[PDB]
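Trainee: The following block contains the structure, expressed as structure tokens.
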Amino acid sequence: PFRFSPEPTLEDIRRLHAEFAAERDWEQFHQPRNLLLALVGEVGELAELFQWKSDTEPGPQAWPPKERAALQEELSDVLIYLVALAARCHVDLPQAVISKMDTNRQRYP
Amino acid sequence: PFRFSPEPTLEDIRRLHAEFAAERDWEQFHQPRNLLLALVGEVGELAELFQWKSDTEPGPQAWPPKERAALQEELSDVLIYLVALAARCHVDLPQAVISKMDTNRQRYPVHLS
């Protein structure tokens, strides 16, 4: 029964990223719209994976090796830029998610 | 030094959402491309928050409360859909991030003296 690993946490990821950016072009990574565009480009790359996928053909779990690899990568980079963006925005992403999930229960009855 | 809370974890979120999805229309929430498009729509909502923002005017932390509230929500929704997509695809997202961080670390070497 599929589950995620217990770690890294969102916090752990936030620290891996903060370090990664700290030792690099920290100001390129500091600009919220930069992170947001990077996040957009990553969501786009993700869409390129799926764009010609019939909803009738083998789903992502049955994708061949090169495609699963690229998919894991793209999903990961979406996540990395989202936490970097959340962190830059001083948004406490894990808590805001509880808050938002509660909102979505009345949005989707 | 802004920090995220220790929880929920990515796994707690996956689990919470699977419960959320299970009480709703099945494959409204289980079709991968539905989830992908919801993710996309949600990243576009975020884009709309930022569209007219000077890189020169007060940044997101200093935005008005309504805009901050919206920003928290969109970011959260991006994450939820991403998590749901990753889960639907049987991608162990937290582990896949580490492998990605390492690839990134190798594609983007640090500069020394």
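As shown in the structure tokens, the chain order sets the letters A, B, ...; within each chain, residues go from 1, and ligands are also counted from 1 in the order they appear.
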Taking only residues of chain A that have an atom at most 6 Å from an atom of chain B, what is each one's shortest atom pair and its distance in Å to one decimal, using only C-alpha atoms, in chain and number order, as a tab-separated table?

Mentor:
residue	atom	partner	partner_atom	distance
A:4	CA	B:92	CA	4.9
A:7	CA	B:94	CA	5.9
A:8	CA	B:94	CA	5.4
A:9	CA	B:9	CA	5.3
A:11	CA	B:4	CA	5.1
A:24	CA	B:110	CA	5.8
A:60	CA	B:89	CA	5.1
A:61	CA	B:89	CA	5.3
A:72	CA	B:96	CA	5.8
A:73	CA	B:100	CA	5.9
A:76	CA	B:97	CA	4.6
A:89	CA	B:60	CA	5.3
A:90	CA	B:61	CA	6.0
A:92	CA	B:4	CA	5.0
A:94	CA	B:8	CA	5.3
A:96	CA	B:76	CA	5.9
A:97	CA	B:76	CA	4.6
A:100	CA	B:73	CA	5.7

Trainee: Please produce an output containing C-alpha atoms for each residue in the selection, written as a PDB file, in the first residue's frame.

Mentor:
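Output file part-v9.pdb follows:
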ATOM      1  CA  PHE A   4       5.629   8.455   1.185  1.00  0.00           C
ATOM      2  CA  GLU A   7      11.400  12.240   5.544  1.00  0.00           C
ATOM      3  CA  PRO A   8      12.516  14.667   4.387  1.00  0.00           C
ATOM      4  CA  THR A   9       9.814  16.792   5.986  1.00  0.00           C
ATOM      5  CA  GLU A  11      11.092  21.794   6.968  1.00  0.00           C
ATOM      6  CA  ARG A  24      25.065  29.721  -4.916  1.00  0.00           C
ATOM      7  CA  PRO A  60       2.193   7.031 -14.572  1.00  0.00           C
ATOM      8  CA  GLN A  61       2.874   3.940 -12.419  1.00  0.00           C
ATOM      9  CA  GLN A  72      10.030  11.985 -10.189  1.00  0.00           C
ATOM     10  CA  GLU A  73      12.468  14.782 -11.097  1.00  0.00           C
ATOM     11  CA  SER A  76      10.542  17.055  -6.995  1.00  0.00           C
ATOM     12  CA  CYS A  89       6.889  34.434   1.485  1.00  0.00           C
ATOM     13  CA  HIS A  90       7.114  33.554   5.179  1.00  0.00           C
ATOM     14  CA  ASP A  92       4.207  28.321   7.133  1.00  0.00           C
ATOM     15  CA  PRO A  94       2.631  22.735   6.477  1.00  0.00           C
ATOM     16  CA  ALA A  96      -1.388  26.682   5.903  1.00  0.00           C
ATOM     17  CA  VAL A  97      -2.119  23.313   4.268  1.00  0.00           C
ATOM     18  CA  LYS A 100      -6.572  25.190   3.411  1.00  0.00           C
TER      19      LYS A 100
END

Trainee: What is the CA of residue 88 (chain A)-CA of residue 43 (chain A) distance in Å, reported with one decimal?

Mentor: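 Straight-line distance from CA of residue 88 (chain A) to CA of residue 43 (chain A) works out to 18.9 Å.
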
Trainee: In Å, rounded to a single decimal, give me how far CA of residue 56 (chain A) is from CA of residue 39 (chain A).

Mentor: 28.6 Å

Trainee: DSSP on the backbone, then: every residue of region 53-83 of chain B marked alpha helix (DSSP H), written as number ranges by chain.

Mentor: B: 65-83

Trainee: Please produce a file of those selected residues containing N, CA and C atoms, as a PDB file, in the first residue's frame.

Mentor:
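Contents of result36.pdb, freshly written:
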ATOM      1  N   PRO B  65      -3.331  41.797   4.462  1.00  0.00           N
ATOM      2  CA  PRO B  65      -3.841  40.527   5.004  1.00  0.00           C
ATOM      3  C   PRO B  65      -4.699  39.685   4.048  1.00  0.00           C
ATOM      4  N   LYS B  66      -5.559  40.319   3.243  1.00  0.00           N
ATOM      5  CA  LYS B  66      -6.375  39.582   2.262  1.00  0.00           C
ATOM      6  C   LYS B  66      -5.501  38.906   1.227  1.00  0.00           C
ATOM      7  N   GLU B  67      -4.457  39.611   0.793  1.00  0.00           N
ATOM      8  CA  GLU B  67      -3.522  39.075  -0.182  1.00  0.00           C
ATOM      9  C   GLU B  67      -2.629  38.019   0.413  1.00  0.00           C
ATOM     10  N   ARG B  68      -2.240  38.201   1.673  1.00  0.00           N
ATOM     11  CA  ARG B  68      -1.505  37.164   2.382  1.00  0.00           C
ATOM     12  C   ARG B  68      -2.373  35.931   2.556  1.00  0.00           C
ATOM     13  N   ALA B  69      -3.627  36.102   2.965  1.00  0.00           N
ATOM     14  CA  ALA B  69      -4.539  34.971   3.140  1.00  0.00           C
ATOM     15  C   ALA B  69      -4.672  34.150   1.851  1.00  0.00           C
ATOM     16  N   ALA B  70      -4.889  34.854   0.733  1.00  0.00           N
ATOM     17  CA  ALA B  70      -4.962  34.258  -0.603  1.00  0.00           C
ATOM     18  C   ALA B  70      -3.677  33.535  -0.974  1.00  0.00           C
ATOM     19  N   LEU B  71      -2.539  34.179  -0.710  1.00  0.00           N
ATOM     20  CA  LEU B  71      -1.231  33.592  -0.979  1.00  0.00           C
ATOM     21  C   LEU B  71      -0.988  32.272  -0.230  1.00  0.00           C
ATOM     22  N   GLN B  72      -1.292  32.255   1.059  1.00  0.00           N
ATOM     23  CA  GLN B  72      -1.220  31.027   1.864  1.00  0.00           C
ATOM     24  C   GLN B  72      -2.090  29.932   1.257  1.00  0.00           C
ATOM     25  N   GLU B  73      -3.301  30.265   0.888  1.00  0.00           N
ATOM     26  CA  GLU B  73      -4.210  29.295   0.315  1.00  0.00           C
ATOM     27  C   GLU B  73      -3.711  28.720  -1.018  1.00  0.00           C
ATOM     28  N   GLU B  74      -3.355  29.593  -1.956  1.00  0.00           N
ATOM     29  CA  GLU B  74      -2.877  29.104  -3.217  1.00  0.00           C
ATOM     30  C   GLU B  74      -1.639  28.229  -3.033  1.00  0.00           C
ATOM     31  N   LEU B  75      -0.660  28.646  -2.203  1.00  0.00           N
ATOM     32  CA  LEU B  75       0.536  27.846  -2.005  1.00  0.00           C
ATOM     33  C   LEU B  75       0.212  26.453  -1.463  1.00  0.00           C
ATOM     34  N   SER B  76      -0.639  26.416  -0.440  1.00  0.00           N
ATOM     35  CA  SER B  76      -1.184  25.206   0.162  1.00  0.00           C
ATOM     36  C   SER B  76      -1.884  24.301  -0.825  1.00  0.00           C
ATOM     37  N   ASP B  77      -2.735  24.870  -1.669  1.00  0.00           N
ATOM     38  CA  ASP B  77      -3.399  24.119  -2.710  1.00  0.00           C
ATOM     39  C   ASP B  77      -2.474  23.564  -3.762  1.00  0.00           C
ATOM     40  N   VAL B  78      -1.453  24.336  -4.146  1.00  0.00           N
ATOM     41  CA  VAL B  78      -0.428  23.826  -5.044  1.00  0.00           C
ATOM     42  C   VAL B  78       0.143  22.560  -4.378  1.00  0.00           C
ATOM     43  N   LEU B  79       0.418  22.637  -3.077  1.00  0.00           N
ATOM     44  CA  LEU B  79       1.137  21.563  -2.437  1.00  0.00           C
ATOM     45  C   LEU B  79       0.270  20.299  -2.351  1.00  0.00           C
ATOM     46  N   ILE B  80      -0.983  20.497  -1.967  1.00  0.00           N
ATOM     47  CA  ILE B  80      -1.943  19.436  -1.864  1.00  0.00           C
ATOM     48  C   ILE B  80      -2.101  18.672  -3.203  1.00  0.00           C
ATOM     49  N   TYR B  81      -2.284  19.405  -4.296  1.00  0.00           N
ATOM     50  CA  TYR B  81      -2.422  18.808  -5.638  1.00  0.00           C
ATOM     51  C   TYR B  81      -1.169  18.110  -6.120  1.00  0.00           C
ATOM     52  N   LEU B  82      -0.029  18.676  -5.790  1.00  0.00           N
ATOM     53  CA  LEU B  82       1.256  18.087  -6.092  1.00  0.00           C
ATOM     54  C   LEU B  82       1.439  16.806  -5.356  1.00  0.00           C
ATOM     55  N   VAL B  83       1.117  16.829  -4.071  1.00  0.00           N
ATOM     56  CA  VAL B  83       1.176  15.655  -3.266  1.00  0.00           C
ATOM     57  C   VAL B  83       0.208  14.575  -3.802  1.00  0.00           C
TER      58      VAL B  83
END

Trainee: Could you please determine the separation between CA of residue 48 (chain B) and CA of residue 32 (chain A) in Å, to one decimal place?

Mentor: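 Interatomic distance, CA of residue 48 (chain B) to CA of residue 32 (chain A): 13.2 Å.
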